[PDB]
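The file coords.txt contains compact mmCIF, C-alpha atoms:
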```
# COMPACT_ATOMS: atom_id res chain seq x y z
CA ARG A 1 -8.74 -21.10 -3.55
CA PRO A 2 -10.81 -19.08 -4.21
CA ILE A 3 -10.34 -19.22 -8.00
CA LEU A 4 -12.24 -17.31 -10.68
CA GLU A 5 -13.59 -19.28 -13.66
CA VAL A 6 -13.16 -17.09 -16.76
CA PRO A 7 -12.85 -18.32 -20.38
CA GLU A 8 -9.56 -17.72 -22.12
CA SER A 9 -11.40 -15.85 -24.86
CA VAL A 10 -14.89 -14.84 -25.98
CA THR A 11 -16.16 -13.92 -29.45
CA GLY A 12 -19.20 -11.68 -29.75
CA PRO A 13 -21.21 -10.52 -32.75
CA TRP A 14 -20.66 -7.02 -34.01
CA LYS A 15 -23.44 -4.72 -32.72
CA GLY A 16 -25.00 -7.59 -30.71
CA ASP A 17 -24.68 -8.75 -27.08
CA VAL A 18 -21.82 -10.62 -25.43
CA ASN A 19 -21.35 -12.19 -22.00
CA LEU A 20 -17.87 -12.34 -20.42
CA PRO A 21 -18.43 -15.13 -17.88
CA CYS A 22 -16.82 -14.77 -14.46
CA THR A 23 -17.84 -17.13 -11.70
CA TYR A 24 -16.53 -18.71 -8.53
CA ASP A 25 -17.66 -21.15 -5.88
CA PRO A 26 -18.76 -19.23 -2.76
CA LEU A 27 -16.58 -20.29 0.16
CA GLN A 28 -17.95 -20.55 3.69
CA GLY A 29 -16.81 -17.60 5.77
CA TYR A 30 -15.78 -15.58 2.70
CA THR A 31 -17.65 -12.27 2.25
CA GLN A 32 -17.62 -10.68 -1.20
CA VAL A 33 -16.89 -6.98 -0.66
CA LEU A 34 -15.82 -5.72 -4.12
CA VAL A 35 -16.21 -6.58 -7.81
CA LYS A 36 -14.28 -4.81 -10.58
CA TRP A 37 -14.11 -5.32 -14.31
CA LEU A 38 -11.10 -3.80 -16.02
CA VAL A 39 -10.06 -3.37 -19.64
CA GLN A 40 -6.40 -3.62 -20.57
CA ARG A 41 -4.84 -0.49 -22.13
CA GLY A 42 -1.24 -1.38 -22.87
CA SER A 43 0.61 -2.18 -19.67
CA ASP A 44 -2.19 -0.91 -17.44
CA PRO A 45 -5.67 -2.23 -16.63
CA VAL A 46 -8.40 0.42 -16.48
CA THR A 47 -11.46 -0.05 -14.24
CA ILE A 48 -14.66 0.09 -16.27
CA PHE A 49 -17.07 -1.24 -13.64
CA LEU A 50 -17.17 -1.30 -9.83
CA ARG A 51 -19.66 -2.94 -7.48
CA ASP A 52 -19.17 -1.97 -3.83
CA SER A 53 -21.32 -1.28 -0.79
CA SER A 54 -23.17 1.53 -2.61
CA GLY A 55 -24.04 -0.64 -5.63
CA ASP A 56 -22.84 -0.56 -9.26
CA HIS A 57 -20.78 2.20 -10.90
CA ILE A 58 -19.85 2.46 -14.58
CA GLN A 59 -16.67 4.51 -14.79
CA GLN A 60 -15.01 4.88 -18.20
CA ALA A 61 -17.09 6.95 -20.67
CA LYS A 62 -16.83 4.35 -23.47
CA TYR A 63 -19.11 1.99 -21.49
CA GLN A 64 -22.03 4.12 -20.14
CA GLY A 65 -25.48 2.56 -20.47
CA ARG A 66 -24.50 -0.72 -22.15
CA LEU A 67 -22.64 -2.61 -19.43
CA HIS A 68 -24.47 -4.90 -16.96
CA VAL A 69 -22.95 -7.29 -14.40
CA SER A 70 -24.82 -10.36 -13.19
CA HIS A 71 -25.96 -10.22 -9.59
CA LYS A 72 -28.76 -12.73 -8.98
CA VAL A 73 -26.65 -15.85 -8.33
CA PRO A 74 -23.90 -15.69 -5.68
CA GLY A 75 -20.54 -16.35 -7.24
CA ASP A 76 -21.63 -15.14 -10.71
CA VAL A 77 -20.32 -11.71 -11.62
CA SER A 78 -20.30 -12.13 -15.42
CA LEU A 79 -20.07 -8.95 -17.50
CA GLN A 80 -22.65 -8.37 -20.23
CA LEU A 81 -21.86 -5.81 -22.92
CA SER A 82 -24.53 -4.74 -25.40
CA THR A 83 -24.14 -3.27 -28.90
CA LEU A 84 -20.61 -4.62 -29.21
CA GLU A 85 -18.28 -2.27 -31.10
CA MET A 86 -15.13 -3.22 -33.00
CA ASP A 87 -13.10 -1.18 -30.55
CA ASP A 88 -14.47 -3.18 -27.62
CA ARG A 89 -11.90 -5.81 -28.66
CA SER A 90 -9.35 -6.07 -25.86
CA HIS A 91 -8.31 -8.09 -22.81
CA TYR A 92 -10.74 -7.75 -19.89
CA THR A 93 -10.06 -8.59 -16.26
CA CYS A 94 -12.60 -9.75 -13.70
CA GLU A 95 -11.47 -8.94 -10.15
CA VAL A 96 -13.20 -10.01 -6.93
CA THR A 97 -12.23 -9.07 -3.38
CA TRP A 98 -13.36 -10.99 -0.27
CA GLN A 99 -13.07 -10.70 3.49
CA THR A 100 -11.89 -13.96 5.07
CA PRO A 101 -12.51 -15.87 8.33
CA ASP A 102 -9.12 -14.53 9.51
CA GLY A 103 -10.23 -10.91 9.08
CA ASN A 104 -7.94 -10.50 6.07
CA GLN A 105 -8.90 -9.55 2.55
CA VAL A 106 -8.21 -11.71 -0.50
CA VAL A 107 -8.31 -10.54 -4.13
CA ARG A 108 -8.46 -12.73 -7.22
CA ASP A 109 -8.49 -11.71 -10.82
CA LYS A 110 -8.55 -13.45 -14.20
CA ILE A 111 -8.13 -12.28 -17.80
CA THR A 112 -10.21 -12.97 -20.87
CA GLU A 113 -9.74 -11.84 -24.48
CA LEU A 114 -12.81 -10.33 -26.15
CA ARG A 115 -12.90 -10.65 -29.95
CA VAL A 116 -15.59 -9.07 -32.13
CA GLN A 117 -16.89 -11.01 -35.14
CA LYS A 118 -18.27 -9.11 -38.13
CA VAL B 1 0.73 -26.55 -24.50
CA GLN B 2 4.15 -27.12 -22.94
CA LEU B 3 6.49 -25.42 -20.47
CA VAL B 4 10.12 -26.56 -20.35
CA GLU B 5 12.55 -25.32 -17.70
CA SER B 6 16.37 -25.51 -17.80
CA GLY B 7 19.43 -24.08 -16.10
CA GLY B 8 19.45 -26.10 -12.88
CA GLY B 9 22.46 -27.77 -11.34
CA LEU B 10 24.90 -27.90 -8.46
CA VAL B 11 26.20 -24.44 -7.57
CA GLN B 12 28.59 -23.26 -4.87
CA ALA B 13 26.79 -21.25 -2.20
CA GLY B 14 26.86 -17.54 -2.90
CA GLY B 15 26.96 -18.30 -6.64
CA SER B 16 24.55 -17.64 -9.49
CA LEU B 17 22.25 -19.51 -11.87
CA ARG B 18 20.00 -18.27 -14.63
CA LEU B 19 16.92 -20.46 -14.81
CA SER B 20 14.79 -20.35 -17.96
CA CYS B 21 11.30 -21.50 -18.89
CA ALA B 22 10.36 -21.83 -22.57
CA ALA B 23 6.61 -21.71 -23.23
CA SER B 24 4.99 -23.06 -26.38
CA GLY B 25 1.47 -22.74 -27.67
CA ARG B 26 0.00 -19.29 -27.12
CA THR B 27 0.80 -15.63 -26.91
CA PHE B 28 2.01 -16.03 -23.35
CA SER B 29 2.53 -12.26 -23.20
CA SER B 30 -1.06 -12.27 -21.88
CA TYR B 31 -0.31 -14.91 -19.19
CA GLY B 32 1.15 -14.29 -15.76
CA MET B 33 4.22 -16.46 -15.19
CA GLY B 34 5.52 -17.79 -11.88
CA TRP B 35 8.33 -19.80 -10.38
CA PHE B 36 7.61 -22.30 -7.57
CA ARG B 37 9.99 -24.58 -5.66
CA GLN B 38 9.65 -27.77 -3.64
CA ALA B 39 12.52 -28.91 -1.45
CA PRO B 40 12.66 -32.64 -0.63
CA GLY B 41 9.96 -33.68 1.84
CA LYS B 42 8.65 -30.11 2.01
CA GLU B 43 5.64 -28.43 0.42
CA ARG B 44 5.60 -26.49 -2.85
CA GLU B 45 6.37 -22.85 -2.09
CA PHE B 46 6.03 -19.68 -4.16
CA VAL B 47 9.30 -18.07 -5.34
CA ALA B 48 8.58 -15.38 -7.94
CA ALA B 49 6.02 -14.19 -10.48
CA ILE B 50 5.73 -11.67 -13.28
CA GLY B 51 2.43 -10.45 -14.61
CA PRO B 52 1.11 -10.20 -18.13
CA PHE B 53 1.46 -7.11 -20.29
CA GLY B 54 3.56 -4.79 -18.14
CA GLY B 55 6.51 -6.33 -16.38
CA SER B 56 5.23 -6.23 -12.79
CA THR B 57 7.26 -8.52 -10.54
CA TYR B 58 6.59 -10.19 -7.20
CA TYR B 59 8.90 -12.16 -4.91
CA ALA B 60 8.69 -14.41 -1.88
CA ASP B 61 10.33 -12.94 1.22
CA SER B 62 12.93 -15.72 1.27
CA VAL B 63 14.38 -14.90 -2.16
CA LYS B 64 13.89 -11.13 -2.19
CA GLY B 65 16.94 -9.17 -3.33
CA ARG B 66 18.75 -12.35 -4.33
CA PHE B 67 16.36 -13.52 -7.08
CA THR B 68 14.97 -11.64 -10.07
CA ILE B 69 12.41 -12.69 -12.68
CA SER B 70 12.20 -11.42 -16.28
CA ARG B 71 10.47 -12.34 -19.52
CA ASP B 72 11.30 -12.27 -23.23
CA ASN B 73 7.86 -12.10 -24.83
CA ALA B 74 9.26 -12.49 -28.35
CA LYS B 75 10.95 -15.75 -27.28
CA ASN B 76 8.01 -16.87 -25.06
CA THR B 77 10.53 -17.32 -22.25
CA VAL B 78 10.69 -16.34 -18.57
CA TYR B 79 14.02 -16.21 -16.73
CA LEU B 80 14.83 -16.57 -13.04
CA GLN B 81 18.21 -14.96 -12.29
CA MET B 82 19.40 -16.53 -9.05
CA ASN B 83 22.16 -14.62 -7.24
CA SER B 84 23.76 -14.99 -3.79
CA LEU B 85 22.47 -18.53 -3.40
CA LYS B 86 21.89 -19.51 0.22
CA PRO B 87 21.93 -23.31 0.71
CA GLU B 88 18.24 -23.27 1.70
CA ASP B 89 17.45 -22.56 -1.99
CA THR B 90 18.20 -26.24 -2.70
CA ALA B 91 14.98 -27.53 -4.32
CA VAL B 92 13.31 -28.43 -7.59
CA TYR B 93 12.17 -25.25 -9.35
CA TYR B 94 9.03 -25.13 -11.52
CA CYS B 95 7.67 -22.52 -13.89
CA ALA B 96 3.92 -22.11 -14.30
CA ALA B 97 1.47 -20.01 -16.29
CA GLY B 98 -1.93 -18.57 -15.40
CA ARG B 99 -4.34 -15.91 -16.58
CA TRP B 100 -4.20 -13.86 -13.41
CA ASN B 101 -3.32 -10.20 -13.91
CA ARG B 102 -2.18 -8.53 -10.67
CA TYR B 103 -3.51 -10.78 -7.89
CA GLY B 104 -3.46 -14.39 -6.82
CA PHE B 105 0.00 -15.14 -8.24
CA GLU B 106 1.00 -17.11 -5.11
CA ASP B 107 -2.05 -19.43 -5.20
CA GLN B 108 -1.01 -22.62 -6.96
CA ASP B 109 -4.62 -23.34 -8.00
CA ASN B 110 -4.41 -20.13 -10.08
CA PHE B 111 -2.01 -21.63 -12.66
CA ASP B 112 -3.24 -23.67 -15.62
CA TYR B 113 0.08 -24.94 -17.07
CA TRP B 114 3.08 -26.35 -15.20
CA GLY B 115 6.64 -27.31 -16.05
CA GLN B 116 8.54 -30.46 -15.15
CA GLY B 117 10.99 -28.73 -12.84
CA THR B 118 14.75 -28.33 -12.61
CA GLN B 119 16.98 -29.15 -9.65
CA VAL B 120 19.10 -26.47 -7.95
CA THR B 121 21.47 -27.46 -5.12
```

In C-alpha cells, what does this structure look like?
Amino acid sequence: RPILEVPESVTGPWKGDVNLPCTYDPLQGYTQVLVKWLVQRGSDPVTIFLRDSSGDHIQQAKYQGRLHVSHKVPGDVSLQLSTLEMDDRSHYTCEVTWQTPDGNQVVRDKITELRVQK
Amino acid sequence: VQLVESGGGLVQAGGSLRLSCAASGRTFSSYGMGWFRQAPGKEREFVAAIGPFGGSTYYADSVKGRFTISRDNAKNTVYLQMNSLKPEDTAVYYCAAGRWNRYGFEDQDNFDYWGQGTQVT
C-alpha cells in the first residue's frame, strides 16, 4: 500500500471521449503532492500531464486542450481524453506521489493500454 | 495466467545459479517483473525487479552486485543470475508480475500474478 487501481486496457471510440481510470484509497497521514500521466514512447515514458502545487499543466503538444484529469473526489485522478485520435493508441502511466507520516515520499505508478476503436 | 519458476537447488557457497521464470498468457513485455524470496520462518523480502519496455533494473541491497535480473521478451521469460552466493541467500525464490512502470516494484501488493517458488540453498 498504497496501490493504484488502473484497468489493464481501455478501448475508446474514434473521435469520441475516453476515460483512463486511475484511483486509490486515501490513506490516513498520506498527503498527495504530485500527479503525473505519462505516455510510453518506446523505452521511455513521456509526461503529458502534471498536477502540482500550482495546479494542472498539459505538457506535450499532442494533448493541448483535450486532456482533463478528475479532481473532485480524493483518490480519483482518472484521465479523460476527448476527440480520441488513432495515434492516441499507446500505453499510458498514471503516477501519484505522496508525503508519508514518516516525512518520506512514496511514488506509485500503474500502466494501462489505450486502444482506439473505429 | 501462469508463472513457472525453475533453476533452484543446493549450491556450494560462492557458486552460481540461473533462475528462470516462464510467463504465459499476455504480452508480458508491458509488465514489470520481480523476484522475491522468503527464508524459513522469515518474511517475504524483495530481491530484484525489471521494468516493462526498457530494461531498467532494481536490486535489494543484500543481493546487489551478486545478483542480476534479465528478460527475454520473445520467450516471455525473466532470469535471475545468482553469483557469489552467500549462505544467507538460502530461501524460496518467487517471480511475480505487475503493471507498475518505474515505481512501487518492492511493494508486494503491487504484483497481480505470482509463481510457486523455487528453493535455493

Just give me the gap between atom CA of residue B:38 and atom CA of residue B:1 in Å, one decimal is fine.
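We find that atom CA of residue B:38 and atom CA of residue B:1 lie 22.7 Å from each other.
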
So what do you get for atom CA of residue A:81 versus atom CA of residue A:65, distance-wise?
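That distance, rounded to one decimal, is 9.4 Å.
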
Find the spatial neighbours of residue A:111, counting all atoms listed in the file, within a cut-off of 8 Å - ignore same-chain residues fewer than 6 positions away - and output them as JSON, numbers by chain.
{"A": [6, 8, 91, 92, 93, 94], "B": [99, 100, 101]}

Give me, as a PyMOL selection string, the residues of chain B touching chain A, with the criterion being at most 12 Å (counting all atoms listed in the file).
chain B and resi 26-32+51-56+98-112

Neighbouring residues of residue B:68 were defined as those with any atom within 7 Å, considering all atoms listed in the file; residues of the same chain fewer than 2 positions away were excluded. Please report them as a list in words.
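The residues satisfying every condition are residues 66, 70, 80, 81 and 82 of chain B.
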
Given the selection you just returned, output its residues as a file containing C-alpha atoms, formatted as a PDB file, keeping the file's coordinate frame.
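The file below, again04.pdb, is the result:
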```pdb
ATOM      1  CA  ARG B  66      18.750 -12.350  -4.330  1.00  0.00           C
ATOM      2  CA  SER B  70      12.200 -11.420 -16.280  1.00  0.00           C
ATOM      3  CA  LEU B  80      14.830 -16.570 -13.040  1.00  0.00           C
ATOM      4  CA  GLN B  81      18.210 -14.960 -12.290  1.00  0.00           C
ATOM      5  CA  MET B  82      19.400 -16.530  -9.050  1.00  0.00           C
TER       6      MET B  82
END
```

Within 7 Å of residue B:114 using only C-alpha atoms, minus same-chain residues under 6 positions, as a ChimeraX atom specification
/B:3,95-97
